[PDB]
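Trainee: What follows is a structure written as structure tokens; I'll ask about it next.
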2 protein chains.
Amino acid sequence: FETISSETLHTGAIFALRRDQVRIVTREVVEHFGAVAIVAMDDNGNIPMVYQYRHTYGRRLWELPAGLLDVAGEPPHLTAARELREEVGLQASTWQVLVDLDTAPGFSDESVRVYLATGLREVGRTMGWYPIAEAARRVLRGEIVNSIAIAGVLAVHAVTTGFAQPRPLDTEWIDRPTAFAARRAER
Amino acid sequence: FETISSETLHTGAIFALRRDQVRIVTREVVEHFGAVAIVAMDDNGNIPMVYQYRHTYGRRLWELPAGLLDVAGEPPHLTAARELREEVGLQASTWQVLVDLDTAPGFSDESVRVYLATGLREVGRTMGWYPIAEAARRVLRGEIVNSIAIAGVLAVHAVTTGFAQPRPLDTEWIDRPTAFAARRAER
Ligand SMILES: Nc1ncnc2c1ncn2C1O[C@H](COP(=O)(O)CP(=O)(O)O)[C@@H](O)[C@H]1O
Ligand SMILES: Nc1ncnc2c1ncn2C1O[C@H](COP(=O)(O)CP(=O)(O)O)[C@@H](O)[C@H]1O
Ligand SMILES: [Mn+2]
Ligand SMILES: [Mn+2]
């Protein structure tokens with residue numbers, strides 16, 4: 001395939017809308033910053049989750065601590081470590097890559113890197129703590145629907161059961177977004 | 001919270017962009033049709049997956065058979081049964097709800113219902129067949145990143161391991177989108 005022409009329709013606060021012609025076909029893309037989420041597992045197999053209101057659905061959803069990659073030039077896991085601290089007041093000595101997910105491949109370039117933080121330390125000075133098995137059962141019961149949350153909860157669940165393994169921080173993040181950030185539409 | 005004012009910025013082919021003022025805060029929302037995906041598991045624990053090019057990432061991704069809810073008034077599982085047939089040429093006698101996922105809760109109202117189709121029959125007249133365990137290991141290895149795919153693969157993996165259970169077709173789909181379809185911006 002090949003992009004014959006790109007046309008920017010709208011630039012917003014956190015994303016930009018663009019319309020391209022391909023291969024001929026029309027493809028409207030939503031350029032996003034990209035984001036990072038954290039699955040902080042403690043010594044007893046529990047992870048913290050936040051209950052946040054999502055205007056898109058008009059209700060609160062259970063999710064993993066997460067943030068947008070809106071900090072130009074800042075390393076993803078640095079962003080992730082900051083959000084973990086600010087969201088649930090936790091510092092972690094060990095960071096690994098749990099799972100990368102492309103949220104809506106159909107119309108957006110957003111990709112989210114989910115980290116697995118361990119060696120937890122309570123620092124600083126709404127949310128709840130869930131045993132991984134429960135968080136997982138909550139997913140399968142529809143109580144956790146946020147795609148990022150589902151991916152992280154079930155991934156660490158595969159790890160906690162010995163089925164799979166975490167990964168190094170230098171693991172390549174293939175689809176990390178760059179378009180919107182490259183615009184640098186701020187001043 | 002409360003929407004003080006909604007402003008439609010752009011209506012596209014498969015989604016519409018809208019900007020609302022809330023509670024005051026600005027929230028730009030991408031109205032989507034919603035979609036359905038299928039995890040068709042055969043008598044031996046294998047599921048079919050398609051390899052499709054995603055312009056948003058400029059490469060091909062491994063995904064579950066899926067379709068947009070662009071068929072006005074058509075029941076979701078009917079849409080799902082049609083896509084399963086057209087995508088991998090399979091008919092299924094048993095349909096259950098596996099998992100619902102809200103793709104990018106941060107800026108879109110898109111929600112996807114993932115079904116678990118069993119009692120498979122090859123009908124009709126690129127894709128591949130994967131043992132659930134492998135598909136799962138592929139997710140944890142980053143070879144499967146599509147959020148819908150990750151959610152479906154790992155969910156059916158929790159079911160195949162006896163950890164969780166599928167669900168009835170009448171299971172409420174809380175976040176099923178309605179905004180864009182309610183516009184009926186076609187003729
Ligand atoms: N980002 C986009 N912008 C404009 N049209 C899109 C689009 N993404 C998909 N479409 C389209 O919507 C219709 C069906 O698309 P797909 O069957 O590729 C969706 P799916 O497998 O990605 O869920 C096609 O006719 C095509 O116009
Ligand atoms: N859909 C949207 N439209 C306009 N601004 C948005 C937005 N979604 C989030 N923002 C915002 O981006 C900044 C941080 O947002 P959040 O920390 O709520 C993101 P996250 O937990 O949803 O990943 C806020 O200053 C706010 O403007
Ligand atoms: Mn956040
Ligand atoms: Mn499709």
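Just remember, in the structure tokens the first chain shown is A, the second B, etc., residues are 1-based per chain, and ligands are 1-based in the order shown.
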If you run DSSP on this backbone, which residues of chain A come out as strand (DSSP E), and could you give them as an MDAnalysis selection string?
Mentor: chainID A and resid 5:11 15:22 25:32 35:40 46:54 59:63 66:68 90:101 112:122 127:131
Trainee: Output as a VMD selection string the set of chain B residues within 6 Å of chain A, with distances taken over only C-alpha atoms.
Mentor: chain B and resid 56 101 to 104 108 to 109 145 to 147
Trainee: Compute the set of protein, DNA and RNA residues whose minimum atom distance to ligand 3 is at most 8 Å, using only C-alpha atoms and all ligand atoms, and state it as number ranges by chain.
Mentor: A: 65-68, 83, 87
Trainee: Determine, counting only C-alpha atoms, which protein, DNA and RNA residues have an atom within 10 Å of an atom of residue 182 (chain B); residues of the same chain fewer than 4 positions away are not included. Present the result as a list in words.
Mentor: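 Neighbouring residues, sequence-local ones excluded: residues 33, 72, 177 and 178 of chain B.
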Trainee: Need to verify the contact set: residue 117 (chain B), 12 Å, only C-alpha atoms, exclusion of same-chain residues closer than 4 positions in sequence. Can you return it as a PyMOL selection string?
Mentor: chain B and resi 37-43+45-48+64-65+77+80-81+83-85+90-98+121+152+156+166-169
Trainee: Write out, as a short mmCIF file (atom, residue, chain, number, x, y, z; two decimals), in the first residue's frame, the residues just selected, with N, CA, C and O atoms.
Mentor:
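Output below, filename again.cif:
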data_model
loop_
_atom_site.label_atom_id
_atom_site.label_comp_id
_atom_site.auth_asym_id
_atom_site.auth_seq_id
_atom_site.Cartn_x
_atom_site.Cartn_y
_atom_site.Cartn_z
N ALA B 37 -16.22 -9.06 17.61
CA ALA B 37 -15.12 -9.93 17.21
C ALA B 37 -15.48 -11.35 17.63
O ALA B 37 -16.31 -11.54 18.52
N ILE B 38 -14.88 -12.36 17.00
CA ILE B 38 -15.22 -13.73 17.34
C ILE B 38 -14.02 -14.62 17.62
O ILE B 38 -13.06 -14.63 16.86
N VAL B 39 -14.10 -15.37 18.72
CA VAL B 39 -13.06 -16.33 19.07
C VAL B 39 -13.71 -17.69 18.81
O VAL B 39 -14.43 -18.22 19.65
N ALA B 40 -13.48 -18.23 17.61
CA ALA B 40 -14.05 -19.52 17.23
C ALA B 40 -13.13 -20.67 17.60
O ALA B 40 -12.12 -20.92 16.94
N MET B 41 -13.47 -21.36 18.68
CA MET B 41 -12.67 -22.48 19.15
C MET B 41 -13.22 -23.82 18.68
O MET B 41 -14.39 -24.14 18.91
N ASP B 42 -12.37 -24.61 18.03
CA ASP B 42 -12.77 -25.92 17.52
C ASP B 42 -12.64 -27.02 18.57
O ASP B 42 -12.15 -26.79 19.68
N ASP B 43 -13.07 -28.22 18.20
CA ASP B 43 -13.02 -29.36 19.10
C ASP B 43 -11.65 -29.67 19.70
O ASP B 43 -11.56 -30.34 20.73
N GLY B 45 -9.33 -27.21 20.54
CA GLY B 45 -8.78 -26.05 21.20
C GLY B 45 -8.00 -25.07 20.32
O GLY B 45 -7.11 -24.37 20.81
N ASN B 46 -8.31 -25.03 19.03
CA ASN B 46 -7.65 -24.12 18.11
C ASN B 46 -8.63 -23.03 17.74
O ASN B 46 -9.84 -23.25 17.77
N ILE B 47 -8.11 -21.87 17.38
CA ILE B 47 -8.94 -20.75 16.98
C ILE B 47 -8.32 -20.18 15.73
O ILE B 47 -7.11 -20.26 15.54
N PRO B 48 -9.15 -19.60 14.84
CA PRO B 48 -8.66 -19.01 13.59
C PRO B 48 -8.31 -17.53 13.80
O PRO B 48 -9.00 -16.82 14.53
N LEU B 64 -8.60 -11.12 15.48
CA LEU B 64 -9.74 -12.03 15.49
C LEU B 64 -10.67 -11.57 14.38
O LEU B 64 -10.62 -10.40 13.97
N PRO B 65 -11.50 -12.48 13.86
CA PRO B 65 -12.42 -12.06 12.80
C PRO B 65 -13.32 -11.01 13.46
O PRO B 65 -13.85 -11.23 14.55
N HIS B 77 -24.79 -10.24 17.49
CA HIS B 77 -24.31 -11.59 17.23
C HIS B 77 -24.66 -12.05 15.82
O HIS B 77 -24.06 -13.00 15.31
N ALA B 80 -21.85 -10.64 14.02
CA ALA B 80 -20.70 -11.48 14.36
C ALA B 80 -20.70 -12.80 13.59
O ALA B 80 -19.64 -13.28 13.17
N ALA B 81 -21.88 -13.38 13.42
CA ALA B 81 -22.00 -14.65 12.70
C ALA B 81 -21.70 -14.48 11.21
O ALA B 81 -21.20 -15.39 10.55
N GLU B 83 -19.65 -12.09 9.93
CA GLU B 83 -18.24 -11.80 9.80
C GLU B 83 -17.42 -13.07 9.93
O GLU B 83 -16.44 -13.27 9.22
N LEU B 84 -17.83 -13.94 10.85
CA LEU B 84 -17.13 -15.20 11.06
C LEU B 84 -17.17 -16.00 9.76
O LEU B 84 -16.18 -16.60 9.34
N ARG B 85 -18.34 -16.00 9.12
CA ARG B 85 -18.56 -16.72 7.87
C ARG B 85 -17.73 -16.13 6.73
O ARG B 85 -17.00 -16.84 6.05
N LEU B 90 -16.68 -20.03 8.45
CA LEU B 90 -17.09 -20.95 9.51
C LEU B 90 -18.48 -20.62 10.03
O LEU B 90 -18.85 -19.45 10.14
N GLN B 91 -19.24 -21.65 10.36
CA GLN B 91 -20.57 -21.47 10.93
C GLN B 91 -20.48 -22.12 12.30
O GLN B 91 -19.82 -23.14 12.46
N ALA B 92 -21.12 -21.53 13.30
CA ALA B 92 -21.06 -22.09 14.64
C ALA B 92 -22.45 -22.29 15.22
O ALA B 92 -23.31 -21.42 15.11
N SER B 93 -22.66 -23.44 15.84
CA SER B 93 -23.94 -23.74 16.44
C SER B 93 -24.12 -23.07 17.81
O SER B 93 -25.23 -22.67 18.16
N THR B 94 -23.03 -22.91 18.56
CA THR B 94 -23.12 -22.28 19.89
C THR B 94 -22.40 -20.94 20.02
O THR B 94 -21.21 -20.83 19.72
N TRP B 95 -23.13 -19.93 20.47
CA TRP B 95 -22.57 -18.60 20.66
C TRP B 95 -22.74 -18.09 22.08
O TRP B 95 -23.84 -18.11 22.63
N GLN B 96 -21.63 -17.64 22.67
CA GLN B 96 -21.64 -17.09 24.03
C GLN B 96 -20.84 -15.80 24.06
O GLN B 96 -20.08 -15.51 23.14
N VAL B 97 -21.02 -15.03 25.12
CA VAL B 97 -20.29 -13.78 25.26
C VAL B 97 -19.01 -14.11 26.02
O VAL B 97 -19.04 -14.69 27.11
N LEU B 98 -17.88 -13.75 25.41
CA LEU B 98 -16.57 -14.00 25.98
C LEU B 98 -16.14 -12.77 26.77
O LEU B 98 -16.00 -12.82 27.99
N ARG B 121 -18.41 -25.51 11.97
CA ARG B 121 -18.70 -26.21 10.73
C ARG B 121 -18.14 -25.35 9.60
O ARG B 121 -18.46 -24.18 9.49
N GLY B 152 -9.63 -11.18 23.61
CA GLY B 152 -10.27 -12.43 23.25
C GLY B 152 -9.41 -13.67 23.46
O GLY B 152 -9.87 -14.69 24.01
N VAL B 156 -10.35 -16.45 26.41
CA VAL B 156 -10.67 -17.84 26.11
C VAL B 156 -9.59 -18.73 26.72
O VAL B 156 -9.82 -19.91 26.95
N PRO B 166 -17.63 -18.74 30.04
CA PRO B 166 -18.17 -17.88 28.98
C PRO B 166 -19.47 -17.30 29.54
O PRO B 166 -19.77 -17.47 30.72
N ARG B 167 -20.25 -16.62 28.71
CA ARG B 167 -21.50 -16.06 29.20
C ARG B 167 -22.63 -16.11 28.18
O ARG B 167 -22.39 -16.28 26.99
N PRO B 168 -23.89 -15.98 28.65
CA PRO B 168 -25.08 -16.01 27.79
C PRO B 168 -25.07 -14.87 26.77
O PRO B 168 -24.46 -13.83 27.00
N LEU B 169 -25.76 -15.08 25.65
CA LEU B 169 -25.83 -14.06 24.61
C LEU B 169 -26.59 -12.82 25.05
O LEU B 169 -26.36 -11.73 24.53
#
Trainee: Please give the complete set of residues from chain B that DSSP, run on the backbone, assigns to helix (DSSP H, G or I), formatted as a ChimeraX atom specification.
Mentor: /B:76-88,132-139,147-160,179-183
Trainee: The selected residues should be written to file as a compact mmCIF listing (two decimals), in the first residue's frame (atoms: N, CA, C and O atoms).
Mentor:
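Heads up, here's the output in result.txt:
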# COMPACT_ATOMS: atom_id res chain seq x y z
N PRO B 76 -26.14 -7.61 17.13
CA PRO B 76 -24.70 -7.81 17.20
C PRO B 76 -24.20 -9.22 16.88
O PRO B 76 -23.29 -9.37 16.08
N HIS B 77 -24.79 -10.24 17.49
CA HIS B 77 -24.31 -11.59 17.23
C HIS B 77 -24.66 -12.05 15.82
O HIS B 77 -24.06 -13.00 15.31
N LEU B 78 -25.61 -11.38 15.18
CA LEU B 78 -25.95 -11.72 13.81
C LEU B 78 -24.79 -11.17 12.98
O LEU B 78 -24.25 -11.85 12.10
N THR B 79 -24.40 -9.93 13.28
CA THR B 79 -23.28 -9.29 12.61
C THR B 79 -22.04 -10.16 12.80
O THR B 79 -21.29 -10.40 11.86
N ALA B 80 -21.85 -10.64 14.02
CA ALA B 80 -20.70 -11.48 14.36
C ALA B 80 -20.70 -12.80 13.59
O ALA B 80 -19.64 -13.28 13.17
N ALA B 81 -21.88 -13.38 13.42
CA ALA B 81 -22.00 -14.65 12.70
C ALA B 81 -21.70 -14.48 11.21
O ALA B 81 -21.20 -15.39 10.55
N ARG B 82 -22.02 -13.30 10.69
CA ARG B 82 -21.81 -12.98 9.29
C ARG B 82 -20.32 -12.78 9.01
O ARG B 82 -19.79 -13.25 8.01
N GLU B 83 -19.65 -12.09 9.93
CA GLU B 83 -18.24 -11.80 9.80
C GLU B 83 -17.42 -13.07 9.93
O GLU B 83 -16.44 -13.27 9.22
N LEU B 84 -17.83 -13.94 10.85
CA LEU B 84 -17.13 -15.20 11.06
C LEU B 84 -17.17 -16.00 9.76
O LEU B 84 -16.18 -16.60 9.34
N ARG B 85 -18.34 -16.00 9.12
CA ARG B 85 -18.56 -16.72 7.87
C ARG B 85 -17.73 -16.13 6.73
O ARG B 85 -17.00 -16.84 6.05
N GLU B 86 -17.86 -14.82 6.54
CA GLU B 86 -17.15 -14.12 5.47
C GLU B 86 -15.63 -14.05 5.66
O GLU B 86 -14.88 -14.04 4.69
N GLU B 87 -15.19 -13.99 6.91
CA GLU B 87 -13.77 -13.87 7.20
C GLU B 87 -12.98 -15.19 7.18
O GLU B 87 -11.88 -15.26 6.63
N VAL B 88 -13.53 -16.23 7.79
CA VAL B 88 -12.83 -17.50 7.81
C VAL B 88 -13.71 -18.67 7.38
O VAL B 88 -13.36 -19.82 7.61
N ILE B 132 -4.87 -22.40 21.31
CA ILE B 132 -5.08 -21.31 22.25
C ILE B 132 -3.86 -20.98 23.10
O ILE B 132 -3.53 -19.81 23.30
N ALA B 133 -3.19 -22.01 23.59
CA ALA B 133 -2.00 -21.80 24.41
C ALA B 133 -0.96 -21.00 23.63
O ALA B 133 -0.34 -20.08 24.18
N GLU B 134 -0.76 -21.33 22.36
CA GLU B 134 0.22 -20.61 21.54
C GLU B 134 -0.20 -19.15 21.31
O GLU B 134 0.61 -18.23 21.46
N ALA B 135 -1.46 -18.96 20.95
CA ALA B 135 -1.98 -17.62 20.69
C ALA B 135 -1.72 -16.77 21.91
O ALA B 135 -1.35 -15.60 21.80
N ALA B 136 -1.92 -17.37 23.08
CA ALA B 136 -1.70 -16.70 24.36
C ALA B 136 -0.23 -16.34 24.55
O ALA B 136 0.10 -15.24 25.00
N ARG B 137 0.66 -17.27 24.22
CA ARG B 137 2.09 -17.05 24.36
C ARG B 137 2.53 -16.01 23.35
O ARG B 137 3.49 -15.27 23.59
N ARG B 138 1.83 -15.94 22.23
CA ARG B 138 2.14 -14.96 21.21
C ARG B 138 1.80 -13.57 21.75
O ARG B 138 2.51 -12.61 21.48
N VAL B 139 0.72 -13.48 22.52
CA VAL B 139 0.32 -12.19 23.08
C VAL B 139 1.41 -11.69 24.02
O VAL B 139 1.83 -10.54 23.93
N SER B 147 -5.68 -4.87 20.51
CA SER B 147 -6.38 -4.92 21.80
C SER B 147 -7.55 -5.90 21.84
O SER B 147 -7.74 -6.60 22.83
N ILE B 148 -8.34 -5.93 20.77
CA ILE B 148 -9.48 -6.82 20.68
C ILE B 148 -9.00 -8.27 20.69
O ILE B 148 -9.58 -9.13 21.37
N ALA B 149 -7.92 -8.53 19.96
CA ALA B 149 -7.33 -9.86 19.86
C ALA B 149 -6.77 -10.30 21.20
O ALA B 149 -7.01 -11.42 21.66
N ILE B 150 -6.01 -9.42 21.84
CA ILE B 150 -5.42 -9.74 23.14
C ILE B 150 -6.50 -10.16 24.15
O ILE B 150 -6.37 -11.20 24.82
N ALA B 151 -7.54 -9.33 24.25
CA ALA B 151 -8.66 -9.56 25.15
C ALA B 151 -9.34 -10.90 24.88
O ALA B 151 -9.59 -11.66 25.81
N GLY B 152 -9.63 -11.18 23.61
CA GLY B 152 -10.27 -12.43 23.25
C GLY B 152 -9.41 -13.67 23.46
O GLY B 152 -9.87 -14.69 24.01
N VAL B 153 -8.15 -13.60 23.02
CA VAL B 153 -7.23 -14.72 23.16
C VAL B 153 -7.00 -15.07 24.62
O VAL B 153 -7.14 -16.23 25.02
N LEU B 154 -6.65 -14.08 25.42
CA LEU B 154 -6.38 -14.34 26.82
C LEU B 154 -7.62 -14.70 27.61
O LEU B 154 -7.52 -15.40 28.61
N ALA B 155 -8.79 -14.23 27.18
CA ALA B 155 -10.03 -14.55 27.88
C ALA B 155 -10.38 -16.02 27.67
O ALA B 155 -10.67 -16.74 28.62
N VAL B 156 -10.35 -16.45 26.41
CA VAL B 156 -10.67 -17.84 26.11
C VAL B 156 -9.59 -18.73 26.72
O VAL B 156 -9.82 -19.91 26.95
N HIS B 157 -8.42 -18.16 26.98
CA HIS B 157 -7.34 -18.95 27.57
C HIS B 157 -7.63 -19.20 29.04
O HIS B 157 -7.24 -20.23 29.59
N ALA B 158 -8.31 -18.25 29.68
CA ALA B 158 -8.71 -18.38 31.09
C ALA B 158 -9.82 -19.43 31.17
O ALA B 158 -9.95 -20.16 32.15
N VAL B 159 -10.63 -19.48 30.12
CA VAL B 159 -11.72 -20.43 30.04
C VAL B 159 -11.19 -21.83 29.75
O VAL B 159 -11.62 -22.80 30.36
N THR B 160 -10.24 -21.94 28.81
CA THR B 160 -9.66 -23.24 28.45
C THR B 160 -8.89 -23.89 29.58
O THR B 160 -8.68 -25.10 29.59
N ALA B 179 -24.29 6.73 19.82
CA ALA B 179 -24.22 8.10 19.31
C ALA B 179 -24.12 8.27 17.81
O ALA B 179 -24.96 8.93 17.19
N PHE B 180 -23.07 7.69 17.22
CA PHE B 180 -22.83 7.80 15.78
C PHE B 180 -23.96 7.22 14.95
O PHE B 180 -24.39 7.84 13.97
N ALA B 181 -24.43 6.04 15.34
CA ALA B 181 -25.51 5.36 14.64
C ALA B 181 -26.80 6.16 14.74
O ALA B 181 -27.64 6.10 13.83
N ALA B 182 -26.96 6.89 15.83
CA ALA B 182 -28.15 7.71 16.07
C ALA B 182 -28.15 8.92 15.13
O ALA B 182 -29.20 9.51 14.87
N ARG B 183 -26.97 9.29 14.64
CA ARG B 183 -26.86 10.41 13.72
C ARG B 183 -27.50 9.98 12.40
O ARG B 183 -28.25 10.75 11.79
Trainee: What is the atom 4 (C, counted along the ligand's line) of ligand 2 to CA of residue 18 (chain B) distance in Å?
Mentor: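 Those two atoms sit 10.2 Å apart.
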Trainee: Using only C-alpha atoms and all ligand atoms, which residue out of B:21, B:126, B:8, B:161 lies closest to ligand 2?
Mentor: B:21
Trainee: One decimal, in Å: what's the spacing between atom 2 (C, counted along the ligand's line) of ligand 1 and CA of residue 51 (chain B)?
Mentor: 17.7 Å
Trainee: Rounded to one decimal place, report the CA of residue 63 (chain B)-atom 6 (C, counted along the ligand's line) of ligand 1 distance in Å.
Mentor: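 We find that CA of residue 63 (chain B) and atom 6 (C, counted along the ligand's line) of ligand 1 lie 16.8 Å from each other.
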